[PDB]
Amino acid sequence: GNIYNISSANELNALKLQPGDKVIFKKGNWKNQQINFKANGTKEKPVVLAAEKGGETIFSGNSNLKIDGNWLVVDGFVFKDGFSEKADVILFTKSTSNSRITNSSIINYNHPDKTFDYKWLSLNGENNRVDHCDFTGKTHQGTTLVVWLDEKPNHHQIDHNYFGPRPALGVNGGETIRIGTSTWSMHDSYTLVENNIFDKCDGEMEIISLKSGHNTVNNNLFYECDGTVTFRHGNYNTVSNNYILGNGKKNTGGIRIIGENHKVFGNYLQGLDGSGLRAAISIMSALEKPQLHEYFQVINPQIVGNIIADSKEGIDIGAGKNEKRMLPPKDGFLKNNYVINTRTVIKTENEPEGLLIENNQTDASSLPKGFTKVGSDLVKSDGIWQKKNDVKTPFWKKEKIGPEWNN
């Protein structure tokens, strides 16, 4: 197709784009750009909106980007020195399918009013991808990246991004990633959050809030995060092969489980300071007849192959128990987990019903039922305690995370 070198969102609007067209935004700092990337491409010929030189096309002031259409690719942009007046910084519309944003950044794009809500990235539509991006420094109301649910699963892919430091919001709505809302929580989303770094994401209790079904949070790093990866609403979610490395940092929590048929496996939950709701593996108590926005009993959780090391509290069965939250976790199993150099191996706030605890290993002098002394050889490679027969280089050591043009 054609290559169009532009220096304004107006020029992009006065353009008719066909598959294979590439729009190149001139390098520089462009203020108050309302970009509407509205076009349609194909798998073999997508329409591309790329920066002249990666990381050198800045959108300052009140600049926004809307991605509207099929097979669209946005590449190399940086939103800094500004804020949005009302809309989300980056938006994929409901009719936007098979589109992607890559090598892009949103840095300190904060509203002067800390209570003024907007998200930095909103995902809608189907099979859209956010990759090799950088979202750092959100100080105002609103989750950084939202996956907005619909009647059909989205199969969105959020991968290889760097979610930088997010200061404590003080109130709810400060998550890094929220997948769904309580109304859409009984719907399947099928979102994949994979190979991302969540560095110092302290916005609120939940770094990731899963509020829909069949999502997968796989092989990510949660580095020194004041929060937890929570299974808030919904069923059939998976939290696997992740590294939650709090580095002894205050209130660094693990994985919080609420709802049914969840799989928590292969995670490294090390150097965590949290307890109760922020335990390395927190299994919550729930209400009898809950509305969507409330708490659903933990039924059939499958917690296997997790290595908890150097932490305050490893497992908390029945966390959050009170007058309304009396229902204990039921069914499922807690098998083949390791709990080393952890002050509390297992806490029980509510006796579980039929939760099978067996073949777990700990270095604790006192073995709680279902735990034995450590029999497998362990190794501390790349700062992480791993099984000597399953030692691997963590993804961030051998892959580029965040923009390609950055370091």
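Residue indices: 1-based, along the sequence shown.
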Item to complete: May I ask you to compare 169-177 and 284-292 by their mean CA B factor in the entry and name the higher one?
Response: 284-292
Practice prompt. State which stretch shows the higher mean Cα B factor in the entry: 316-324 or 150-158.
Written response: 316-324
Worksheet item: Which of these has the highest Cα B-factor in the record: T230, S97, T143, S311?
Response: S97
Practice prompt. Could you tell me which third, lowest, middle or highest, the C-alpha B-factor of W385 occupies within its chain?
Written response: middle
Worksheet item: If you rank the chain by CA B-factor, which third does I258 end up in: lowest, middle or highest?
Response: middle
Worksheet entry | For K80, the third of its chain into which the C-alpha B factor falls | middle
Fill in: Ranked against its chain, the third holding the CA B-factor of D113
highest
Item to complete: Determine, from the deposited record, the chain-internal third of the Cα B-factor for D331: lowest, middle or highest.
Response: highest
